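Everything below concerns the one structure shown next.
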Amino acid sequence: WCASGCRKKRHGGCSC
């Protein structure tokens, strides 16, 4: 789960 339903990444962050 990421902010604003963003996409997860290998680094662990979220892509928006």
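Letters A, B, ... mark the chains of the structure tokens in the order given; residue numbers begin at 1 per chain; ligand numbers begin at 1, in order shown.
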
Quick one: DSSP strand (DSSP E) residues in chain A, as a count of residues only? 4

Can you tell me, as a JSON list (two decimals) with C-alpha atoms, in the first residue's frame, what residues are no more than 10 Å from residue 5 in chain A when counting only C-alpha atoms, ignoring any on the same chain fewer than 4 positions away?
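This is the output file result20.json:
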```
[["chain", "number", "residue", "atom", "x", "y", "z"],
["A", 1, "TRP", "CA", 0.00, 0.00, 0.00],
["A", 14, "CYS", "CA", 6.05, 5.02, -3.90],
["A", 15, "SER", "CA", 5.75, 6.29, -7.47],
["A", 16, "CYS", "CA", 3.32, 9.17, -8.00]]
```
